[PDB]
Every structure is written in structure tokens, then in C-alpha cells.
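What follows is a set of notes on a single structure, which appears directly below.
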Amino acid sequence: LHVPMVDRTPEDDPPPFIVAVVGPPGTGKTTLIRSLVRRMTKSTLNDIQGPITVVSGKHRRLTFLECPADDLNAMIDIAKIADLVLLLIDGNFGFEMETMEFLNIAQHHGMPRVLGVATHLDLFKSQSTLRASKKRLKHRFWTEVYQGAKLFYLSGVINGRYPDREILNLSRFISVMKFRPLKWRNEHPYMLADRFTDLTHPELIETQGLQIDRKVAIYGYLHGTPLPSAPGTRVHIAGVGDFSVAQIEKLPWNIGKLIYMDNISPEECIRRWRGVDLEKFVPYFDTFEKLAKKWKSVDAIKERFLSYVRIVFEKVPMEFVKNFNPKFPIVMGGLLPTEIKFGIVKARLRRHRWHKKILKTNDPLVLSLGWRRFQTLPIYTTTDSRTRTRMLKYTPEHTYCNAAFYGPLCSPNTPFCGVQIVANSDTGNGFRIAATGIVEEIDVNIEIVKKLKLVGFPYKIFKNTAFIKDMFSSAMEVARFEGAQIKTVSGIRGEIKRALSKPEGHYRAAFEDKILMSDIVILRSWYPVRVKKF
Amino acid sequence: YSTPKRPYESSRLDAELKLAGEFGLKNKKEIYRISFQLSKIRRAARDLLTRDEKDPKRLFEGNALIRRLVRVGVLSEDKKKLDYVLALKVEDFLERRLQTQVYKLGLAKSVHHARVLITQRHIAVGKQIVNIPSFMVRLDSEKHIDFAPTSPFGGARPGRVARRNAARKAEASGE
Amino acid sequence: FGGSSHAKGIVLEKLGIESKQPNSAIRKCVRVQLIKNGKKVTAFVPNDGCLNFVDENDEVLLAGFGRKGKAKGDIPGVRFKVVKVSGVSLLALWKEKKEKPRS
RNA sequence: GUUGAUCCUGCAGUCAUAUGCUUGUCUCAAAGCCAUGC
RNA sequence: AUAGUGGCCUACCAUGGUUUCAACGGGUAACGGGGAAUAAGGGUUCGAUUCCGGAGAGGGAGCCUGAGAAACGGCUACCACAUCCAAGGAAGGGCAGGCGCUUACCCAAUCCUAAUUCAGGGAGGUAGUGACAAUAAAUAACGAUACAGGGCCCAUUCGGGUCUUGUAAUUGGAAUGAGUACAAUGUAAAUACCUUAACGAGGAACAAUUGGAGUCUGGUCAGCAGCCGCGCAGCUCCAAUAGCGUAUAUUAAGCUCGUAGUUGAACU
């Protein structure tokens with residue numbers, strides 16, 4: 001309620017509005033971008049320099065973003081910072097099991113206002129049967145995924161595309177309908193980059209090499225809670241790593257000054273301002289003659305009763321210069337205290353809809369936590385009695401685990417999205433969604449328990465005079481556990497008496513009934529194995 | 001239409017399916033709507049039993065109502081005394097359905113086999129192909145109910161599955 | 001209720017209600033403050049668990065139980081049941097037919 | 001004209017509000033804020 | 001004075017004119033009627049009416065054209081009143097439309113106009129929009145054989161009555177349209193509609209459901225002895241059917257007098 005309140009007030013025309021065009025690579029996304037900006041600037045500009053600052057008057061300026069459908073990272077990176085989803089669809093999607101999983105990412109990380117745009121349904125359809133298919137898509141999406149969004153249908157008029165009233169309906173929905181607040185986004189300072197300049201402190205043998213990072217001046221506008229408040233704060237560069245900032249630039253008789261002037265002694269602050277340690281809690285007073293004679297009369301207390309940024313970096317290293325490219329959009333985050341730390345985190349999970357596998361504990365998983373993408377081994381555990389007595393081997397449809405792993409710690413219990421990684425040529429989406437959940441709590445130094453099983457198969461048993469035919473081969477083992485308490489999966493406990501110098505399985509023990517002849521007589525509580533760190 | 005007064009009542013609920021068992025229907029909606037028309041007639045039927053004998057209302061709105069019941073093919077002409085009109089019952093409108101008259105006239109060996117033969121562009125009564133099972137034959141159209149000129153069982157084409165069976169013989173056994 | 005059929009509210013915390021069948025498996029209850037009245041009303045979630053789905057501190061839709069008051073059984077005096085978190089209707093999240101929003 | 005026992009039987013309706021799920025074919029369902037233009 | 005008789009207007013003179021089977025004053029939230037549907041004519045709806053009459057085109061006064069305007073969908077000036085400025089000056093009238101409860105094509109017909117047998121018409125006509133409702137019916141029909149029976153009903157009972165039964169692609173031919181597609185009709189040029197050769201099934205099919213019970217099958221849980229225990233996954237059955245629930249409401253068994261007030265004999 002106050003997290004939406006901090007966002008809207010400084011936001012005005014030079015802070016843009018975030019709009020992404022997301023869709024398949026084959027369709028004319030770029031054509032829709034050109035005809036969309038054809039309405040804004042006068043009638044003829046059909047050249048793409050994206051991302052670029054779109055000056056849409058003094059009322060609302062915007063900035064537009066597209067990303068290719070094969071990039072696994074920035075498809076995630078665009079999803080959490082958006083304020084409008086504009087999806088372009090074909091006449092060939094809807095049960096395509098490998099091309100439309102990003103819908104779940106926008107479902108989980110925060111859904112803004114969404115849009116369906118139908119364009120290739122004219123070159124493919126020629127008859128009255130397109131009307132039932134469009135309404136069929138209205139049965140699927142987006143009317144079922146959110147009640148309160150409009151599915152648009154546009155003509156296929158690829159390059160040569162209209163300026164007329166249909167993008168006045170599109171710019172009607174863009175121009176009028178605004179954004180719903182995203183909770184955990186607006187508690188962080190976060191900024192999209194607009195311009196990007198490389199300052200190298202000109203040519204020297206300490207300017208280029210194998211290890212040289214230079215002063216990058218980056219340029220953009222602010223979003224969320226204010227980042228310029230102090231120099232030398234922290235930041236995250238997506239895909240590259242977490243860094244600090246060196247120097248940030250911003251382009252949109254008094255005791256209160258003398259206290260912060262640290263070349264002045266505090267007795268000179270008191271001395272200039274008019275006219276010893278907190279290890280003594282009780283404050284200073286004068287002598288009893290002075291306070292007594294001074295406070296003989298008590299009259300003196302008788303009323304006392306009834307925008308734009310120019311950000312400087314000393315980063316990043318030389319190998320990212322060789323990964324320079326046209327600006328496939330890059331976003332800056334801001335890390336908080338109790339999240340710069342590392343720790344073991346406990347998080348609730350479940351299995352994901354339109355996913356077709358199972359998850360062992362040894363296959364590492366790619367996790368998106370806030371602004372950070374990290375590969376971590378997801379060791380699962382369950383309780384069965386409001387206390388843990390086992391772990392599991394792979395998270396089923398049967399039960400839904402309590403997952404634990406080690407990485408960056410995240411106190412405010414954020415929602416938690418887990419992608420199984422594929423290559424750039426496996427499905428058609430850069431990831432495929434493995435599981436989703438929520439950070440439940442933070443807990444360092446916890447220890448999982450897996451109860452193994454020493455095996456003894458019964459054959460002929462009575463209560464007091466009890467042997468096991470086949471359970472052991474060493475006598476000194478039983479000599480050590482003679483002070484212990486044994487079991488059976490049926491639930492009538494035993495207590496071993498004495499090894500009796502027979503290391504053949506046969507030895508005398510105790511049960512508080514006679515264990516039955518279709519039972520399994522065992523022993524419990526085995527070694528509490530460690531956590532894989534990565 | 002109109003729903004009956006009680007939805008679940010034992011002697012009437014089993015009396016549904018013995019109508020659905022003989023005639024072979026699919027919905028009690030197709031039972032209730034038939035009783036609904038029999039409801040509206042019967043209220044009017046009791047109206048002309050109160051008024052005077054040889055009232056022209058009892059003549060013009062009586063006998064034409066009587067003759068229309070002979071015209072639809074339900075009231076036999078021996079019972080033409082306006083006192084059998086109260087003694088009408090539910091199955092007689094069910095008996096004049098287009099589905100059941102097929103089975104009575106040989107040709108169907110079931111009431112469910114005739115249901116399939118209605119909806120597959122088969123049997124016509126006049127020169128109009130009828131594919132609604134409730135066509136309500138008017139008793140002047142019984143001995144015109146017959147297999148179509150097209151749509152085999154009537155000839156001159158054997159049909160897409162018989163021609164496909166002919167097609168299989170020519171390609172593997174022949175050439 | 002105030003006479004109407006439903007009331008929309010906010011989770012404060014998650015309690016503990018257990019069972020005897022099939023064995024001691026936890027059936028739970030949740031604590032919801034009313035948005036419109038400020039009275040604090042408990043509720044029950046009829047399913048296999050589903051405490052996992054909802055959260056602390058989110059938006060629910062309470063609903064009546066249908067007996068003119070009159071709590072069902074050995075759950076002590078709980079009169080209301082939960083239908084919708086975030087507008088997406090728990091039963092649809094129960095099968096798999098929806099995925100829950102961000103909050 | 002006045003006291004008891006035995007036998008028999010007995011002790012749902014709502015177009016009336018909101019909401020959830022699926023429907024191959026046919027027909028019929030202000031005295032606030034602004035997209036925009038002079 | 002006007003196109004025109006006329007207190008219509010002005011000076012004179014007279015003191016008059018209407019009205020008890022009823023002048024005038026006054027209410028009907030229906031801006032007015034002829035008319036259109038259900039058809040008691042009483043009534044509902046529209047009178048914002050299919051035909052016309054009164055109001056207003058930012059508010060004012062003056063002025064015009066035409067046989068027909070009091071033209072604002074004609075002009076000048078006044079007043080509120082804002083837009084541009086090269087700083088001289090120039091200019092429009094605060095309007096619609098939409099949300100809050102995405103609107104295109106054509107004069108082929110009718111009629112009107114025409115520099116008029118040409119063409120035009122913000123006259124006119126033709127497509128977008130759909131569970132509060134609701135409409136028809138598809139999801140299969142008919143044959144064949146070998147294995148096999150402790151099969152079904154009533155009393156939850158103690159027990160009794162009736163045995164015509166199903167599991168196997170054993171297996172075979174039929175029959176069809178949901179949909180795919182030229183052609184023609186339609187023809188505002190024209191879209192859809194009425195027709196149509198060509199295709200097209202043995203269950204992965206060409207992918208119905210929302211329910212409901214069930215003393216059923218499984219898994220390591222208070223808490224412990226002298227001995228014996230307790231509390232998601234395998235299917236089966238019942239229901240209407242493109243429809244089925246859920247929550248709230250709802251229908252059916254102290255004494256007495258005495259006023260307003262009320263009621264009360266007979267009879268030519």
C-alpha cells in the first residue's frame with residue numbers, strides 16, 4: 001500500500017514506461033514496432049535503433065524493448081521489470097509444448113497488463129472458420145489467464161503496414177490503461193540502461209590487456225525507490241556479476257552542519273555553538289550542593305505538570321569487451337542488506353504444470369532469485385511427523401517437497417522460480433520450467449538425516465526369547481549396541497540383551513510383544529549426510 | 001415446456017425409463033415437452049365439457065379440435081364422442097413419432113437402429129428427406145415412408161465405404 | 001456474516017489442526033482479518049493440505065459453510081471456508097488447471 | 001354403572017444474488033476521467 | 001403600418017365586453033396530438049413519436065438573400081473569451097465523441113435534385129457485435145465363434161425366492177457427416193445464404209462432464225509393559241448430459257358517572 005505509494009510520485013515524463021514486445025522469432029515483431037512508432041513520430045520513420053528513447057510528448061514518454069525468442073537469460077530479465085506485455089502470436093501456436101513456457105514466467109514473477117496480437121491469421125485463414133478459431137483462442141488466452149484483458153486481431157499487411165485506426169485502438173489501450181503495482185519490484189532501486197560509453201583513460205600499456213577493466217559511463221532513467229542517495233553502493237549486472245559503483249552522477253553557528261564536520265572536536269561544537277563515553281549509562285550531573293541549592297525551588301518546571309543518471313564504473317573486465325554487441329537489453333538491479341550474504345535457504349516447492357519430468361537431487365538446477373540467476377544443487381527433504389525422519393530421491397507427483405540448498409540468502413521470503421536449462425537448440429524456449437515455489441525461511445547450518453537400514457528377516461519368534469536368524473556377522477557391534485533400542489517396521493520396539501558370542505545373526509534381544517512372521521526386523525537413525533556446496 | 005411438480009419420485013422415475021426403454025429416447029426433456037402439449041389440450045378439453053350441448057363453441061372449437069386429433073393420427077374414429085379425449089395418455093403422441101413408425105413398418109429391427117437411420121440422410125416420407133426423429137406423421141403419410149432414391153439400401157450408388165471396399169480389391173489383388 | 005454471501009480478507013497467520021484418518025495428518029486452519037469490518041474470523045481449507053499454496057499475508061475470499069452456522073465436526077467451532085486466493089479459485093489450483101499469480 | 005391387562009397400528013420450491021468447471025456444428029444473447037478531432 | 005382587409009399600433013369620443021346545465025383562477029412531474037402493437041373500448045408503451053408544431057445553436061442589438069429563412073448547418077458590430085507572434089498585428093467559438101453504468105463499403109433499387117436520357121444525396125441500402133437466456137443432434141449401428149458360470153433379487157439380519165448369464169480386438173462386412181474443395185446461383189460492384197463433383201472411422205479414435213458413497217486396497221502415528229494391541233497410490237458403483245455445482249436468501253404444516261364512537265319498539 002506504501003510500496004505502490006513510493007513509486008508513482010517522482011515518476012513523470014522523462015522516466016519512461018516499460019513496454020516489451022515478446023513473441024516467436026519468425027513473425028514480424030520488427031514490422032509492428034516500425035508501424036507502432038509510425039504513429040508517434042510523424043508518418044515515415046521505419047528504422048530500428050532499439051532500445052532508444054521514444055519522446056512521446058510531455059505527457060507520457062515511453063521506451064520500447066524487444067528481445068529474441070532464443071535468449072534464455074533476457075527472456076527472464078525482461079519479465080520481472082515490465083509494465084506491459086505485448087504478445088505477438090501466429091496462426092500456429094497453442095499446444096506447441098516447447099515454444100510457450102515463458103507464459104509461466106510472466107505468470108509467476110509478476111504479471112503486468114498483457115496483450116494478444118493476431119497477425120498471420122489472414123495469410124493462413126481465408127474463410128469464415130477464422131472467427132471460431134479466434135473465439136477459441138479467447139477461450140484459451142488471454143481471457144482465461146486474466147479476466148480483464150483484450151485480445152487484438154490485426155490485418156496481415158506486412159511491410160507496408162497501416163497507420164490507421166487499429167493502432168489508434170492499440171495506442172488507445174497503451175495510452176489509457178496503466179499498470180498495476182508489483183510488490184517486490186518497487187522495494188528495490190532498479191534502472192534500465194539507455195546509452196553506453198566506454199572510457200579507457202587513453203591509450204597506454206595499462207589500458208589494454210588480458211585483465212584490464214575500464215571506466216564505463218552508462219546512462220538511463222530511474223525506476224522504483226531512489227538509487228542516488230550515496231556513492232559507493234552496490235549493484236548487479238545481469239549475466240555478468242555483482243559489483244559496487246565507483247562514482248555516480250545525477251542529471252534530473254549551525255550545529256547540524258558542525259556535527260558532521262569531523263575536523264572539529266565535539267567540545268568545540270559545544271564551544272562554537274554556544275558560549276564522556278556511553279560505557280557510563282547513567283548521565284552526567286553536577287554536585288549535590290549545586291543541584292540541591294539550585295533545586296530548592298521547583299518553579300522552572302511548573303508548566304511541566306498539568307530521472308537521468310550518468311553512472312561511472314571501473315568495471316567490467318576485458319572478456320566482456322569481446323562480447324560486445326548491439327544492445328540486447330541489459331538491466332541493473334540493487335542488492336540489499338541480508339541479501340549480499342551467503343547462507344543455506346529453506347524453500348517450499350512443487351511440480352510444474354506443462355512440465356514432463358522428475359527431479360533427482362544430484363542434477364543441478366538453474367534458479368532465478370530476484371535479480372540473480374544461479375545454478376545450485378536442489379537437495380530435497382520431507383517431514384512426516386512434524387519432525388524430519390527421512391529425505392527423498394526425486395520430488396514426485398505423490399508428495400511435494402521441502403527443498404534446501406546453499407547460495408545467496410534472501411530474508412524477505414521472495415517467490416522462487418526454477419528453470420531446467422537446455423541448450424540453444426533443444427526445445428524452442430531458452431529454458432524449460434522445472435518447478436516453482438517460495439523462499440520459506442532462512443537457516444544456516446542445517447543437517448539433513450537419511451535413515452538407512454540394517455536388515456534382519458524373521459522366521460520363528462517369541463516375545464522374551466527372541467533371536468534374529470540373519471542380521472549380522474560381527475560380535476563387537478552387538479556388544480556396542482547392547483545399550484540400544486531396536487525396532488521392526490510393524491512398530492513393536494526391541495532392546496538387544498547380549499551378543500552371546502554368536503556373530504551369526506543369532507543373538508538374544510528384547511521385544512515388548514512377539515514380532516510376527518511377515519515382519520521386517522531392522523534398526524534406525526543413520527548418518528546425517530552433508531550438503532553439496534556449489 | 002414446463003418441468004413437472006416433483007423431480008425425484010419413485011413410481012414416476014422408473015416410469016420414465018420404461019418409456020425410454022421401449023421408444024428409445026435420450027432426454028426426459030423429450031418426454032416432458034410432449035406432456036406439455038398434452039397439458040394444454042387437456043385444459044381446453046375440460047372447458048368444452050362444462051358449457052352447453054351443441055354450443056357452436058363446442059361445435060367449431062370442439063369438433064375441429066376433435067378432427068385435428070383424428071388428423072394427427074391419434075384418436076381412432078370409433079372414439080369420436082369427445083369423451084375419449086380425457087382418456088388420452090402419454091404414449092400415443094410417442095407412438096406417432098417418426099422414429100418408432102420406422103420399426104413398426106419392418107425395416108429397422110430395433111428402435112435404436114432406426115434412430116441412426118434418421119440422422120444419416122436416409123429415409124424420406126414425401127419427397128423431403130426427414131432427419132428429425134419427431135416428425136409426427138399425419139396418418140396420410142404412412143405408406144409413403146420408404147428408402148431414398150439415393151443413399152443405398154435404395155440403390156444407384158453403393159457408397160463411400162462400399163466404394164472404398166471396392167477400391168481395396170483393385171489395388172492389391174488386381175493392379 | 002453481515003447477511004451477504006461472501007467476504008474478502010487478509011491472511012495473518014497459519015494455525016494447526018490435525019486429524020485421525022488416515023493417521024495424524026495435519027488439516028490446518030488459517031487466520032483471516034476481515035477487510036470491511038475488522039473482525040477476526042477463522043476458517044478451514046477442505047482438501048489434502050493446500051496450506052502450501054496460499055501464503056502468509058495474502059488476499060483470500062472467505063465463504064460460508066452452509067448449515068446456518070453449525071461447525072461440521074471435531075474441528076472446534078470453525079464456521080467458514082476458503083474459495084479464492086488472488087482471484088484464481090483454489091480448486092483450480094488444486095487439480096492443476098491454473099497457476100497462481102505473483103501475490 | 002366403574003377398575004386393569006393383552007392385540008393392532010403411527011409418532012421439499014425459487015430467476016433469486018454472487019461464484020467454479022467444460023461446451024465439436026447451427027440459430028438467437030455522471031457537477032469524474034479521458035482516446036480522439038476543431 | 002403590412003403582401004392583406006383588422007386596436008395590429010397611435011390621437012379623439014363613449015363607458016363599456018364575458019358568466020350558474022358554469023366566464024375566469026387552479027393541479028395532473030404526459031414538452032402536444034393523428035397515429036403503431038396486447039387487442040374489453042377502462043388500460044401499458046412511445047408523444048424524445050413514422051406526419052408536424054414551440055425552444056436553442058457562446059450571450060447580445062442591427063442588417064441581408066430567396067416566391068418560400070427570421071436563415072446561425074447567412075453577414076456587421078457589442079460583450080465574456082482564448083490561439084499565434086518575426087512584438088507590427090492576425091484568428092476560432094469552447095464544441096462534439098468515448099470510458100467510468102475497434103466501425104467499413106455502395107448509389108444496383110425507392111424518392112429528390114441536376115448546367116437535368118450522364119451524376120449526386122452526412123436521403124437510402126449492405127458487413128462487424130452472443131450462456132441472463134434459448135434452438136435442433138453427433139459422439140456409433142448390425143452380424144458371427146471358441147472358451148466359462150457361485151448369476152440375480154428380498155429381508156443391512158436369523159434366512160428365503162427366482163439361475164437365460166459375461167468375460168475374450170476370436171472376427172467380419174456395412175452406413176454416415178464434422179471437416180477439406182473447383183464450379184454455379186446470389187450480385188449494393190457485391191459479401192454471406194440456397195446447391196455442389198473431390199475427399200473422409202474400427203479406436204491412439206475424429207479426446208464430454210460436473211458430481212456423489214466406499215463397513216473397500218496401501219504408508220514409517222498418542223504413547224508405552226508382567227502378555228496381547230490401538231488411531232497423494234489399486235479399483236468398483238451410482239446421476240443427468242452440453243450441462244453440472246457451491247455460499248446467502250426464500251416457500252410448505254379498584255368503584256361510579258360520562259364525551260367522540262357503535263347499535264336499537266310497533267303501526268293505517
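Each chain of the C-alpha cells is named A, B, ... in the order shown, its residues numbered from 1; ligands are numbered from 1 in display order.
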- [ ] Write down as a ChimeraX atom specification the residues belonging to region 1-108 of chain B that are assigned alpha helix (DSSP H) by DSSP computed on the backbone.
- [x] /B:10-22,29-47,56-72,91-95,98-104
For the residues in that selection, give me C-alpha atoms as a CSV table (one decimal), in the first residue's frame.
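Writing the result to result.csv gives the following:
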```
chain,number,residue,atom,x,y,z
B,10,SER,CA,-40.1,-43.4,-7.2
B,11,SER,CA,-43.1,-44.7,-9.2
B,12,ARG,CA,-42.7,-41.9,-11.7
B,13,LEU,CA,-38.9,-42.1,-12.0
B,14,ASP,CA,-38.9,-45.8,-13.1
B,15,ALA,CA,-41.9,-45.0,-15.3
B,16,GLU,CA,-39.5,-42.7,-17.2
B,17,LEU,CA,-37.2,-45.4,-18.3
B,18,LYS,CA,-39.9,-47.9,-19.4
B,19,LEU,CA,-40.8,-45.1,-21.8
B,20,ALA,CA,-37.1,-44.7,-22.6
B,21,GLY,CA,-36.7,-48.4,-22.9
B,22,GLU,CA,-39.5,-49.0,-25.5
B,29,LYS,CA,-36.9,-33.1,-22.0
B,30,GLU,CA,-38.1,-35.0,-25.0
B,31,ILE,CA,-40.7,-36.6,-22.6
B,32,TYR,CA,-41.7,-33.5,-20.7
B,33,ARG,CA,-42.3,-31.3,-23.7
B,34,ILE,CA,-44.7,-34.0,-25.1
B,35,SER,CA,-46.7,-34.0,-21.9
B,36,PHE,CA,-46.6,-30.1,-22.0
B,37,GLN,CA,-48.5,-30.1,-25.3
B,38,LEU,CA,-50.8,-32.7,-23.9
B,39,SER,CA,-51.3,-30.5,-20.8
B,40,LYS,CA,-52.5,-27.5,-22.8
B,41,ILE,CA,-55.0,-29.5,-24.9
B,42,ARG,CA,-56.5,-31.2,-21.9
B,43,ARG,CA,-57.3,-28.0,-20.0
B,44,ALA,CA,-59.1,-26.9,-23.1
B,45,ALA,CA,-60.7,-30.3,-23.3
B,46,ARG,CA,-62.3,-29.8,-19.9
B,47,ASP,CA,-63.5,-26.4,-20.9
B,56,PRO,CA,-71.1,-23.5,-31.6
B,57,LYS,CA,-68.0,-23.0,-29.4
B,58,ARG,CA,-68.5,-26.7,-28.6
B,59,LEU,CA,-69.1,-27.3,-32.3
B,60,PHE,CA,-66.5,-25.1,-34.1
B,61,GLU,CA,-63.8,-25.1,-31.4
B,62,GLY,CA,-64.8,-28.6,-30.3
B,63,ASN,CA,-65.1,-30.8,-33.4
B,64,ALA,CA,-62.2,-29.2,-35.3
B,65,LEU,CA,-60.1,-29.9,-32.2
B,66,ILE,CA,-61.6,-33.5,-32.3
B,67,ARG,CA,-60.9,-33.8,-36.1
B,68,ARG,CA,-57.3,-32.5,-35.6
B,69,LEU,CA,-56.7,-35.3,-33.2
B,70,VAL,CA,-58.0,-37.6,-35.9
B,71,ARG,CA,-55.9,-35.7,-38.4
B,72,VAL,CA,-52.6,-36.2,-36.5
B,91,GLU,CA,-47.5,-42.9,-25.3
B,92,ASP,CA,-49.9,-42.1,-28.1
B,93,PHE,CA,-48.0,-39.0,-29.0
B,94,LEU,CA,-44.8,-41.0,-28.5
B,95,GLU,CA,-46.3,-43.6,-30.8
B,98,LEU,CA,-41.1,-40.7,-36.9
B,99,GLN,CA,-38.6,-42.9,-35.2
B,100,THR,CA,-40.9,-45.6,-33.9
B,101,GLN,CA,-43.0,-45.8,-37.0
B,102,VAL,CA,-40.0,-47.0,-38.9
B,103,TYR,CA,-39.6,-50.0,-36.7
B,104,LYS,CA,-43.3,-50.9,-36.8
```
Task: Exercise: residue 16 (chain C) partners within 7 Å, only C-alpha atoms (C1' of nucleotides), chain neighbours under 2 positions left out, as JSON, numbers by chain - done: {"C": [14, 18, 26, 28, 29]}
So that I have them on file, write out the residues from the current selection with N, CA and C atoms, as a PDB file, in the first residue's frame.
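Output (out16.pdb):
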```pdb
ATOM      1  N   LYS C  14      -0.985 -18.872  10.235  1.00  0.00           N
ATOM      2  CA  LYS C  14      -1.370 -20.236   9.903  1.00  0.00           C
ATOM      3  C   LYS C  14      -1.342 -21.090  11.166  1.00  0.00           C
ATOM      4  N   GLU C  18      -5.210 -30.984  13.307  1.00  0.00           N
ATOM      5  CA  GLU C  18      -4.772 -32.314  12.916  1.00  0.00           C
ATOM      6  C   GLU C  18      -5.981 -33.193  12.629  1.00  0.00           C
ATOM      7  N   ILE C  26      -2.008 -33.357   9.096  1.00  0.00           N
ATOM      8  CA  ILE C  26      -2.400 -32.036   9.576  1.00  0.00           C
ATOM      9  C   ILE C  26      -3.418 -31.441   8.605  1.00  0.00           C
ATOM     10  N   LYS C  28      -5.143 -28.324   9.351  1.00  0.00           N
ATOM     11  CA  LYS C  28      -4.844 -26.893   9.413  1.00  0.00           C
ATOM     12  C   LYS C  28      -6.066 -25.992   9.545  1.00  0.00           C
ATOM     13  N   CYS C  29      -5.823 -24.751   9.956  1.00  0.00           N
ATOM     14  CA  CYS C  29      -6.723 -23.614   9.816  1.00  0.00           C
ATOM     15  C   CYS C  29      -5.886 -22.357   9.625  1.00  0.00           C
TER      16      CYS C  29
END
```
- [ ] Would you kindly report the residues of chain C within 10 Å of chain D, using only C-alpha atoms (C1' of nucleotides), as a list in words?
- [x] residues 4, 5, 6, 83, 84, 88, 89, 90, 91, 92 and 97 of chain C
TODO: Residues of chain E near chain C: apply a cut-off of 10 Å, count only C-alpha atoms (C1' of nucleotides), and supply the list as number ranges by chain.
DONE: E: 219, 221-222, 231-232, 246-249
Open item on the list: If the cut-off is 9 Å, can you tell me the residues of chain A near chain D, counting only C-alpha atoms (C1' of nucleotides)? I'd like them as a ChimeraX atom specification.
Closed with: /A:168-169,171-173,175-176
I need the chosen residues saved as a PDB file, in the first residue's frame, with N, CA, C and O atoms.
```pdb
ATOM      1  N   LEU A 168      -4.739   3.158 -33.545  1.00  0.00           N
ATOM      2  CA  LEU A 168      -5.349   4.110 -32.632  1.00  0.00           C
ATOM      3  C   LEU A 168      -6.127   3.374 -31.548  1.00  0.00           C
ATOM      4  O   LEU A 168      -6.350   3.919 -30.462  1.00  0.00           O
ATOM      5  N   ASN A 169      -6.529   2.131 -31.822  1.00  0.00           N
ATOM      6  CA  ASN A 169      -7.047   1.265 -30.769  1.00  0.00           C
ATOM      7  C   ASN A 169      -5.907   0.692 -29.938  1.00  0.00           C
ATOM      8  O   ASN A 169      -6.026   0.551 -28.713  1.00  0.00           O
ATOM      9  N   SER A 171      -2.870   2.145 -29.604  1.00  0.00           N
ATOM     10  CA  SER A 171      -2.399   3.287 -28.832  1.00  0.00           C
ATOM     11  C   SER A 171      -3.494   3.842 -27.930  1.00  0.00           C
ATOM     12  O   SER A 171      -3.213   4.671 -27.058  1.00  0.00           O
ATOM     13  N   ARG A 172      -4.741   3.416 -28.129  1.00  0.00           N
ATOM     14  CA  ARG A 172      -5.761   3.684 -27.124  1.00  0.00           C
ATOM     15  C   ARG A 172      -5.502   2.846 -25.880  1.00  0.00           C
ATOM     16  O   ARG A 172      -5.495   3.373 -24.761  1.00  0.00           O
ATOM     17  N   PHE A 173      -5.272   1.543 -26.054  1.00  0.00           N
ATOM     18  CA  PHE A 173      -5.044   0.687 -24.894  1.00  0.00           C
ATOM     19  C   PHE A 173      -3.696   0.979 -24.246  1.00  0.00           C
ATOM     20  O   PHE A 173      -3.546   0.850 -23.026  1.00  0.00           O
ATOM     21  N   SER A 175      -2.186   4.056 -24.433  1.00  0.00           N
ATOM     22  CA  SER A 175      -2.232   5.413 -23.908  1.00  0.00           C
ATOM     23  C   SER A 175      -3.111   5.525 -22.670  1.00  0.00           C
ATOM     24  O   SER A 175      -2.840   6.357 -21.798  1.00  0.00           O
ATOM     25  N   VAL A 176      -4.138   4.690 -22.552  1.00  0.00           N
ATOM     26  CA  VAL A 176      -5.109   4.878 -21.482  1.00  0.00           C
ATOM     27  C   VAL A 176      -4.799   3.981 -20.289  1.00  0.00           C
ATOM     28  O   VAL A 176      -4.569   4.475 -19.181  1.00  0.00           O
TER      29      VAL A 176
END
```
TODO: Enter the distance from CA of residue 99 (chain A) to CA of residue 69 (chain A), in Å, rounded to one decimal.
DONE: 8.8 Å
Open item on the list: What's around residue 190 (chain E) at 12 Å? Count only C-alpha atoms (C1' of nucleotides), leave out sequence neighbours fewer than 4 positions away in its own chain, and write the answer as a ChimeraX atom specification.
Closed with: /E:105-106,108,126-127,186
Take the residues just selected and output them with N, CA, C and O atoms (P, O5', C5', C4', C3', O3' and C1' of nucleotides) as a PDB file, in the first residue's frame.
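For reference, result.pdb as written:
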```pdb
ATOM      1  P     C E 105     -14.910   2.995 -46.322  1.00  0.00           P
ATOM      2  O5'   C E 105     -15.800   2.138 -47.329  1.00  0.00           O
ATOM      3  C5'   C E 105     -15.225   1.092 -48.098  1.00  0.00           C
ATOM      4  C4'   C E 105     -16.278   0.199 -48.708  1.00  0.00           C
ATOM      5  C3'   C E 105     -17.202   0.849 -49.722  1.00  0.00           C
ATOM      6  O3'   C E 105     -16.614   0.960 -51.005  1.00  0.00           O
ATOM      7  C1'   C E 105     -18.476  -0.456 -48.212  1.00  0.00           C
ATOM      8  P     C E 106     -16.888   2.261 -51.903  1.00  0.00           P
ATOM      9  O5'   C E 106     -18.357   2.034 -52.476  1.00  0.00           O
ATOM     10  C5'   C E 106     -18.618   1.006 -53.419  1.00  0.00           C
ATOM     11  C4'   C E 106     -20.094   0.848 -53.665  1.00  0.00           C
ATOM     12  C3'   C E 106     -20.814   2.069 -54.213  1.00  0.00           C
ATOM     13  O3'   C E 106     -20.650   2.240 -55.610  1.00  0.00           O
ATOM     14  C1'   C E 106     -22.062   1.152 -52.430  1.00  0.00           C
ATOM     15  P     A E 108     -25.629   2.994 -59.416  1.00  0.00           P
ATOM     16  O5'   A E 108     -26.613   1.747 -59.446  1.00  0.00           O
ATOM     17  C5'   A E 108     -26.485   0.738 -60.434  1.00  0.00           C
ATOM     18  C4'   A E 108     -27.439  -0.388 -60.148  1.00  0.00           C
ATOM     19  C3'   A E 108     -28.798   0.052 -59.633  1.00  0.00           C
ATOM     20  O3'   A E 108     -29.689   0.436 -60.665  1.00  0.00           O
ATOM     21  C1'   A E 108     -27.939  -1.601 -58.202  1.00  0.00           C
ATOM     22  P     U E 126     -30.308  -3.389 -45.815  1.00  0.00           P
ATOM     23  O5'   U E 126     -28.831  -3.782 -46.272  1.00  0.00           O
ATOM     24  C5'   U E 126     -28.610  -4.727 -47.310  1.00  0.00           C
ATOM     25  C4'   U E 126     -27.143  -5.030 -47.475  1.00  0.00           C
ATOM     26  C3'   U E 126     -26.404  -5.421 -46.205  1.00  0.00           C
ATOM     27  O3'   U E 126     -26.540  -6.792 -45.881  1.00  0.00           O
ATOM     28  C1'   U E 126     -25.152  -3.797 -47.395  1.00  0.00           C
ATOM     29  P     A E 127     -26.111  -7.319 -44.425  1.00  0.00           P
ATOM     30  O5'   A E 127     -24.553  -7.654 -44.541  1.00  0.00           O
ATOM     31  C5'   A E 127     -23.898  -8.382 -43.509  1.00  0.00           C
ATOM     32  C4'   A E 127     -22.402  -8.186 -43.518  1.00  0.00           C
ATOM     33  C3'   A E 127     -21.716  -8.270 -42.159  1.00  0.00           C
ATOM     34  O3'   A E 127     -21.458  -9.598 -41.731  1.00  0.00           O
ATOM     35  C1'   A E 127     -20.956  -6.351 -43.304  1.00  0.00           C
ATOM     36  P     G E 186     -28.370 -15.103 -60.247  1.00  0.00           P
ATOM     37  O5'   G E 186     -28.172 -14.490 -58.789  1.00  0.00           O
ATOM     38  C5'   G E 186     -29.258 -14.386 -57.881  1.00  0.00           C
ATOM     39  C4'   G E 186     -28.789 -14.343 -56.452  1.00  0.00           C
ATOM     40  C3'   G E 186     -28.095 -13.061 -56.027  1.00  0.00           C
ATOM     41  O3'   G E 186     -29.014 -12.058 -55.640  1.00  0.00           O
ATOM     42  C1'   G E 186     -26.814 -14.928 -55.343  1.00  0.00           C
TER      43        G E 186
END
```
